[PDB]
Number of protein chains: 4
Amino acid sequence: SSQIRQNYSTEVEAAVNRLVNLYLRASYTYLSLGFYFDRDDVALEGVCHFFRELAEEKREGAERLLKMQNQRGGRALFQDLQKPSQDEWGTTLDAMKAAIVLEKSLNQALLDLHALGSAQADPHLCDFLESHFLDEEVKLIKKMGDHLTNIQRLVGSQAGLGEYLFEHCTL
Amino acid sequence: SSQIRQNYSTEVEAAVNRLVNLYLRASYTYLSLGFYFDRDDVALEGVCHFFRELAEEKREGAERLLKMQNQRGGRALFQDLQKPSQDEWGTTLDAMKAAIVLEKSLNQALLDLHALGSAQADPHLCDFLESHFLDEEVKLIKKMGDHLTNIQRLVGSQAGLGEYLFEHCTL
Amino acid sequence: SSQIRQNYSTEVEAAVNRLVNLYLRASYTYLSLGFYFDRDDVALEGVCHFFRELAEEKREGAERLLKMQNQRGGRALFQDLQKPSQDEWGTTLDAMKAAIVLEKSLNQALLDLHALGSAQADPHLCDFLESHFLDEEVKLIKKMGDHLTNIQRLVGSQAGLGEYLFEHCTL
Amino acid sequence: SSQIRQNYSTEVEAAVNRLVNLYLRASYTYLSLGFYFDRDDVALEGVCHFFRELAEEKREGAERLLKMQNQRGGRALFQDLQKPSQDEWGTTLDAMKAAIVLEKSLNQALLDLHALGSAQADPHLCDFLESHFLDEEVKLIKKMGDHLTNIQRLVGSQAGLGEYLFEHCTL
Ligand SMILES: [Au+]
Ligand SMILES: [Au+]
Ligand SMILES: [Au+]
Ligand SMILES: [Au+]
Ligand SMILES: [Au+]
Ligand SMILES: [Au+]
Ligand SMILES: [Au+]
Ligand SMILES: [Au+]
Ligand SMILES: [Au+]
Ligand SMILES: [Au+]
Ligand SMILES: [Au+]
Ligand SMILES: [Au+]
Ligand SMILES: [Au+]
Ligand SMILES: [Au+]
Ligand SMILES: [Au+]
Ligand SMILES: [Au+]
Ligand SMILES: [Au+]
Ligand SMILES: [Au+]
Ligand SMILES: [Au+]
Ligand SMILES: [Au+]
Ligand SMILES: [Au+]
Ligand SMILES: [Au+]
Ligand SMILES: [Au+]
Ligand SMILES: [Au+]
Ligand SMILES: [Au+]
Ligand SMILES: [Au+]
Ligand SMILES: [Au+]
Ligand SMILES: [Au+]
Ligand SMILES: [Cl-]
Ligand SMILES: [Cl-]
Ligand SMILES: [Cl-]
Ligand SMILES: [Cl-]
Ligand SMILES: [Cl-]
Ligand SMILES: [Cl-]
Ligand SMILES: [Cl-]
Ligand SMILES: [Cl-]
């Protein structure tokens, strides 16, 4: 029971529980990514730390959603967390591509949740997504695309490697 | 006269004046609540201070609205402030229930103002309500509902009182 | 492939992956427990914070195991995380009993892993469990049993409540 | 003569003297490795410093064993230190492979000493190996395997070199 619920549709409440599941799944994905790069036969600890920090941010996003669910008087319902889609993640390039795919899917889920909140005339929900999720996700995707470009440049060629060093080491 | 007014409908201007009245009324309600709990025959100074702080927050909300009215080039119009609905407020439980009723009514007025601003295509108004009012009101209502649950638990029973002390004193 | 693996049996490697799954499951359980106590109709924030901290400790335990798996040259394999066994957790007493059941099961898994490491003559594994898991788990279970006794005393009776206050407030 | 010896078998006492010899031999190996990389025609001072620090750690391990031998009432007996197996150590890759071979052999000697202490029911010995040697050796081997992977990646190819720079310079 709740004595506080106001203007909070069952549709949104359900969608928020699904979004918590997606965020926790993504956190689990990034946990797997990070420990893959910590393998002795891979050994790119910087890549390990990049994904470890993303695992933490996606868990924090889920916790924010759960806190909001309780603030509106909705009820958290948890489902199974499906294991990540791969057990080994290939090259740095492969892993950064998988990460962008994952983030695009979370972004689309955020946009879908906004469409539902708009249809339900739920401005608190909209505000919440704007305050904590929409711009954070755009920033992250921009950083990943920048990373993808630089991995491609570096693994591709000696001119590529040259331009990278000029920017990174001289500038 | 105004030389600055742009995209600011007479409907919104009127609705904002009504919302100032509601906020000032709520401030007056909380003033009455607080001094009731300061009576020698009631003497719950912590409850007095809780309502005294709410009186201050509701006055501040009204002042924010008035400042916004002037920033958009609308004209503040004041009406009578109706005295609060009771002269004595009963138990702590009774008073917390009345407070949640009051906050729900302010929240609904905020949602109604958003619906009007949306119909008038007034995004500055929407932004304003998001920046200062929607999440503040949800947070406050959540706190009041938490309080209601704890008052009910405490006044209800020895098991209730027991669980409360474990949480509050041990944890 | 690994160039470092030495004295690390496939049986232990598999058992460690299963133990990571159990720890992550327990973390997920505690996440559900904590947000249950944050509901407006439950509203025991101290209990919420107790379980929130346990969720963090169980995730940290899983991460320690994963780091150890990589240090020995074993390969992390993740499975589905089954959702927690309940959606609502009843009283504080009910929830503390469920927590002790959960911790007893992790403790038994640690003891089973020691039995396997002993049979495989793997002293590094034994050392690892001693350094990070066995005494931590005994300490936690002792704290939970202490909590269970105090909840029982407090919810049970006016003599019980009296003895608790003497200890907590006077001493 | 000793007035303190208790539960300290002649077998363990002998094995500990042999382990001191192995540790001092390894220290001597690393001394040779380090000065090889300081040659003007090799000139990788970072590699020199890596091996110089390992020479120091292996000497410290021997000194710890000798101190323990005296604490149990056993008698240190020293043998010849055989010169290192090579006079020149080839590439960085060659030298890191030789180092991992050396560390694997010390690790196996530690495991063999644990097997003997277990057969002799000598828990102080076991504790000692756990406190100062088993996890230190696993950590070191993990670091060396990580190094081997990164040397292989770097000396192998332009894609390899690219991935390394992304991790090391960008992340
Ligand atoms: Au990682
Ligand atoms: Au890392
Ligand atoms: Au929206
Ligand atoms: Au909306
Ligand atoms: Au650079
Ligand atoms: Au540079
Ligand atoms: Au550089
Ligand atoms: Au007052
Ligand atoms: Au007061
Ligand atoms: Au609006
Ligand atoms: Au609007
Ligand atoms: Au208390
Ligand atoms: Au207390
Ligand atoms: Au207290
Ligand atoms: Au919580
Ligand atoms: Au909490
Ligand atoms: Au063991
Ligand atoms: Au063992
Ligand atoms: Au107390
Ligand atoms: Au007290
Ligand atoms: Au007290
Ligand atoms: Au050197
Ligand atoms: Au050096
Ligand atoms: Au042993
Ligand atoms: Au032993
Ligand atoms: Au670098
Ligand atoms: Au760099
Ligand atoms: Au660099
Ligand atoms: Cl990680
Ligand atoms: Cl809306
Ligand atoms: Cl007052
Ligand atoms: Cl609008
Ligand atoms: Cl929590
Ligand atoms: Cl063993
Ligand atoms: Cl040296
Ligand atoms: Cl023993």
# chains A, B, ... in the order shown; residues from 1 in each chain; ligands from 1
>>> interface_residues(of="chain A", to="chain D", cutoff="6 Å", atoms="only C-alpha atoms", output="VMD selection string")
chain A and resid 40 to 41 43 46 154 to 155
>>> residues_near_ligand(ligand="ligand 2", cutoff="8 Å", atoms="only C-alpha atoms and all ligand atoms", output="short mmCIF file (atom, residue, chain, number, x, y, z; two decimals) with C-alpha atoms, in the first residue's frame")
data_model
loop_
_atom_site.label_atom_id
_atom_site.label_comp_id
_atom_site.auth_asym_id
_atom_site.auth_seq_id
_atom_site.Cartn_x
_atom_site.Cartn_y
_atom_site.Cartn_z
CA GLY A 34 36.42 -5.47 -17.29
CA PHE A 35 37.58 -8.85 -15.92
CA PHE A 37 40.77 -7.23 -19.97
CA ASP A 38 42.36 -8.22 -16.58
CA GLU A 45 44.50 -2.84 -17.21
CA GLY A 46 43.43 0.60 -18.45
CA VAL A 47 40.60 -1.05 -20.45
CA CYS A 48 39.72 -3.16 -17.33
CA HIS A 49 39.40 0.10 -15.33
CA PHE A 50 37.32 1.86 -17.97
CA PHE A 51 34.72 -0.95 -17.92
CA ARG A 52 34.90 -1.33 -14.13
#
>>> atom_distance(atom1="CA of residue 80 in chain D", atom2="CA of residue 106 in chain D")
17.8 Å
>>> residues_around(residues="residue 75 in chain B", least_positions_apart="6", cutoff="10 Å", atoms="only C-alpha atoms", output="list in words")
residues 1, 2, 10, 13, 14, 16, 17, 66 and 69 of chain B
>>> closest_residue(among="D:67, D:95, D:54, D:11", to="residue 115 in chain D", atoms="only C-alpha atoms")
D:11
>>> residues_around(residues="residue 12 in chain C", least_positions_apart="6", cutoff="10 Å", atoms="only C-alpha atoms", output="ChimeraX atom specification")
/C:18,69,74,113-114,116-117,120,122,125
>>> write_last_selection(atoms="C-alpha atoms", output="short mmCIF file (atom, residue, chain, number, x, y, z; two decimals), in the first residue's frame")
data_model
loop_
_atom_site.label_atom_id
_atom_site.label_comp_id
_atom_site.auth_asym_id
_atom_site.auth_seq_id
_atom_site.Cartn_x
_atom_site.Cartn_y
_atom_site.Cartn_z
CA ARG C 18 29.95 -20.81 -8.80
CA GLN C 69 40.51 -16.21 -10.54
CA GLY C 74 41.56 -19.33 -14.32
CA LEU C 113 35.44 -24.55 -1.25
CA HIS C 114 38.05 -25.06 1.52
CA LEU C 116 37.87 -28.89 -2.27
CA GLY C 117 41.05 -26.79 -2.09
CA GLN C 120 43.35 -30.50 -4.46
CA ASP C 122 45.85 -25.79 -3.13
CA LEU C 125 43.23 -20.87 -2.23
#
>>> closest_atom_pairs(of="chain D", to="ligand 36", cutoff="6 Å", atoms="only C-alpha atoms and all ligand atoms", output="CSV")
residue,atom,partner,partner_atom_place_in_ligand_line,distance
D:118,CA,ligand 36,1 (Cl),4.2
D:121,CA,ligand 36,1 (Cl),3.9
D:122,CA,ligand 36,1 (Cl),4.6
D:123,CA,ligand 36,1 (Cl),4.1
>>> residues_around(residues="residue 58 in chain A", least_positions_apart="3", cutoff="9 Å", atoms="only C-alpha atoms", output="list in words")
residues 23, 24, 25, 26, 27, 28, 30, 53, 54, 55, 61, 62 and 63 of chain A
>>> closest_residue(among="C:127, C:65, C:73, C:135", to="residue 22 in chain C", atoms="only C-alpha atoms")
C:65
>>> atom_distance(atom1="CA of residue 64 in chain B", atom2="CA of residue 33 in chain B")
23.1 Å
>>> closest_residue(among="A:111, A:31, A:93, A:119", to="residue 57 in chain A", atoms="only C-alpha atoms")
A:31
>>> decode(residues="range 11-121 of chain C", atoms="C-alpha atoms", output="compact mmCIF listing (two decimals), in the first residue's frame")
# COMPACT_ATOMS: atom_id res chain seq x y z
CA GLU C 11 37.56 -28.20 -10.14
CA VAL C 12 38.55 -25.17 -8.05
CA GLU C 13 38.29 -22.85 -11.07
CA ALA C 14 34.70 -24.03 -11.60
CA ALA C 15 33.85 -23.82 -7.88
CA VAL C 16 35.18 -20.24 -7.76
CA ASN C 17 32.91 -19.26 -10.68
CA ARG C 18 29.95 -20.81 -8.80
CA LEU C 19 30.93 -18.87 -5.64
CA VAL C 20 31.03 -15.60 -7.61
CA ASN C 21 27.47 -16.36 -8.77
CA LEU C 22 26.34 -17.02 -5.13
CA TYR C 23 27.93 -13.75 -3.91
CA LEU C 24 26.39 -11.70 -6.71
CA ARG C 25 23.02 -13.38 -6.00
CA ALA C 26 23.34 -12.46 -2.34
CA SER C 27 24.18 -8.86 -3.34
CA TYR C 28 20.98 -8.76 -5.44
CA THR C 29 18.98 -10.19 -2.50
CA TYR C 30 20.24 -7.43 -0.20
CA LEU C 31 19.42 -4.80 -2.86
CA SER C 32 15.80 -6.03 -2.80
CA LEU C 33 15.76 -6.15 1.04
CA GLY C 34 17.08 -2.60 1.31
CA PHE C 35 14.60 -1.03 -1.15
CA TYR C 36 11.74 -2.88 0.58
CA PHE C 37 12.57 -1.07 3.86
CA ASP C 38 12.68 2.26 1.88
CA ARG C 39 8.99 1.86 0.84
CA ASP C 40 6.79 4.66 2.25
CA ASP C 41 4.55 2.02 3.86
CA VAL C 42 7.52 0.38 5.61
CA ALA C 43 9.87 3.36 6.15
CA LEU C 44 12.70 1.97 8.30
CA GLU C 45 15.59 3.80 6.69
CA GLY C 46 18.13 2.37 9.15
CA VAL C 47 17.17 -1.16 8.01
CA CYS C 48 17.39 0.02 4.34
CA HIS C 49 20.96 1.24 5.03
CA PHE C 50 22.00 -1.95 6.81
CA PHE C 51 21.01 -4.07 3.78
CA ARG C 52 22.40 -1.54 1.30
CA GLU C 53 25.80 -1.87 2.94
CA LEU C 54 25.55 -5.72 2.86
CA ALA C 55 24.74 -5.53 -0.89
CA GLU C 56 27.98 -3.60 -1.35
CA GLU C 57 30.04 -6.07 0.75
CA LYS C 58 28.73 -9.11 -1.18
CA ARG C 59 29.50 -7.44 -4.53
CA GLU C 60 33.01 -6.67 -3.22
CA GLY C 61 33.42 -10.35 -2.23
CA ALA C 62 32.48 -11.42 -5.76
CA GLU C 63 34.97 -8.93 -7.24
CA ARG C 64 37.72 -10.27 -4.95
CA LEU C 65 37.00 -13.80 -6.16
CA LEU C 66 37.10 -12.66 -9.81
CA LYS C 67 40.42 -10.87 -9.26
CA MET C 68 41.80 -14.05 -7.62
CA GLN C 69 40.51 -16.21 -10.54
CA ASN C 70 42.56 -14.00 -12.92
CA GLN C 71 45.59 -14.00 -10.59
CA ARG C 72 45.68 -17.84 -10.73
CA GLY C 73 45.13 -17.93 -14.51
CA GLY C 74 41.56 -19.33 -14.32
CA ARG C 75 38.78 -17.95 -16.50
CA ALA C 76 35.73 -16.11 -15.16
CA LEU C 77 32.46 -17.50 -16.49
CA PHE C 78 29.22 -15.76 -15.58
CA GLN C 79 25.74 -17.31 -15.30
CA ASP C 80 22.23 -15.79 -14.96
CA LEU C 81 21.60 -14.10 -11.57
CA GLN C 82 18.37 -15.56 -10.27
CA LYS C 83 16.04 -12.94 -8.84
CA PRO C 84 15.69 -12.90 -5.01
CA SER C 85 13.38 -15.47 -3.41
CA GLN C 86 10.76 -12.91 -2.24
CA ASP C 87 9.33 -9.59 -3.57
CA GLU C 88 8.27 -8.39 -0.08
CA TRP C 89 10.26 -9.21 3.09
CA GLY C 90 7.75 -8.87 5.96
CA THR C 91 8.90 -7.60 9.35
CA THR C 92 12.39 -6.58 10.43
CA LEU C 93 12.51 -9.94 12.25
CA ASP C 94 11.50 -11.83 9.10
CA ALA C 95 14.16 -9.99 7.07
CA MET C 96 16.95 -10.54 9.63
CA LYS C 97 16.09 -14.28 9.69
CA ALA C 98 16.25 -14.43 5.89
CA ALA C 99 19.60 -12.60 6.02
CA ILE C 100 21.09 -15.14 8.48
CA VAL C 101 19.84 -18.02 6.28
CA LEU C 102 21.57 -16.36 3.31
CA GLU C 103 24.82 -15.83 5.21
CA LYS C 104 24.82 -19.39 6.53
CA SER C 105 24.54 -20.61 2.96
CA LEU C 106 27.51 -18.46 1.84
CA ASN C 107 29.50 -19.68 4.85
CA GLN C 108 28.76 -23.30 3.92
CA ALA C 109 29.87 -22.58 0.34
CA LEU C 110 33.16 -21.16 1.71
CA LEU C 111 33.66 -24.30 3.87
CA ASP C 112 32.89 -26.49 0.84
CA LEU C 113 35.44 -24.55 -1.25
CA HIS C 114 38.05 -25.06 1.52
CA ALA C 115 37.29 -28.81 1.49
CA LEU C 116 37.87 -28.89 -2.27
CA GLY C 117 41.05 -26.79 -2.09
CA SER C 118 42.36 -29.11 0.63
CA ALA C 119 41.58 -32.21 -1.48
CA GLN C 120 43.35 -30.50 -4.46
CA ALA C 121 46.31 -29.47 -2.22
